[PDB]
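Participant:
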Amino acid sequence: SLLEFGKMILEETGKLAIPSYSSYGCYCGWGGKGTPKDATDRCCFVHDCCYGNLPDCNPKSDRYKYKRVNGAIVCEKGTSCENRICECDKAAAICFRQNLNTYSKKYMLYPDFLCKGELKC
Ligand SMILES: CC1(C)Cc2c(-c3ccccc3)c(-c3ccc(Cl)cc3)c(CC(=O)O)n2C1
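Going letter by letter, the sequence shown gives residues 1 to 14, 16 to 56, 59, 61, 67 to 86, 88 to 122, 124 to 131, 133 in the authors' numbering.
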């Protein structure tokens, strides 16, 4: 759920999910349209697609367990949905960390009309 995801992001990047990643670019936030603005926005695009492969699950509210094994994120065994949700989030946290160097404040609170184009999962 958003509770585990936010904790994961904070630990990984040092940034608070809200408002660092909740209204960033075209995909980090509600829905998404157009072409991702940068690497960080691409992370959210892929994350959005990852959740999209889980029709019957509820990523926003289903809680999973995870632990750190010397920095590494390890998803604990739970329900099938919980395991898959955790893997989606873990990937996003790592992706955000790998692209922290290009994170740009000009993409915070990005205007909707500037999101134009198409990109399929
Ligand atoms: C789909 C959203 C646009 C709606 C939403 C909430 C949200 C919260 C409450 C009620 C409605 C929506 C939170 C969110 C919430 C709380 C924390 Cl601690 C972190 C992130 C996040 C960031 C994320 O995890 O992707 N989002 C993205």
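Note that CB positions come from ideal geometry on N, CA and C, so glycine has one too.
1) Quick one, which of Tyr120, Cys133, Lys131 has its alpha-carbon nearest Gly26's?
2) Cβ of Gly53 within 7 Å of any heavy atom in ligand 1?
3) Is there at least one non-hydrogen atom of ligand 1 closer than 7 Å to the beta-carbon of residue 175?
4) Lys69 and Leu130: beta carbons closer than 8 Å?
5) Once DSSP output is grouped into helix, strand and coil, what is the label at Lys76?
6) Give every residue of the same chain whose Cβ lies closer than 8 Å to the Cβ of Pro37, excluding the five residues on either side of it in the sequence, and list them in chain order.
7) Could you pull out every residue in the same chain whose Cβ sits closer than 6 Å to the Cβ of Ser24, ignoring the five residues on either side in sequence?
8) Assuming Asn109 and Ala40 form a contact by the criterion Cβ under 8 Å, report the distance between their Cβ atoms to the nearest whole angstrom.
9) Can you give me the start and stop residues for the alpha helix (DSSP H) that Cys91 sits inside?
10) Compute the Euclidean distance between the alpha carbons of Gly35 and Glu12, then round it to the nearest angstrom.
11) Which same chain residues end up closer than 8 Å to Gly33 when comparing Cβ atoms and leaving out the 5 residues on each side of it in sequence?
12) Hey, how far is the Cα of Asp122 from the Cα of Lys115?
Facilitator: In terms of the structure at hand:
1) A check of alpha carbon separations from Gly26 across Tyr120, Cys133, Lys131 identifies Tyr120 as the nearest.
2) no
3) Only positions 1 to 133 of the chain appear in this structure, which leaves residue 175 out of reach.
4) no
5) strand
6) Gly26, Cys27, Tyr28, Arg43, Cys45, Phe46, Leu130
7) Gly30, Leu119
8) 4 Å
9) 90-108
10) Spanning the two alpha carbons is a distance of roughly 27 Å.
11) Here the set comprises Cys27, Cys45, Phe46, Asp49, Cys126.
12) 16 Å
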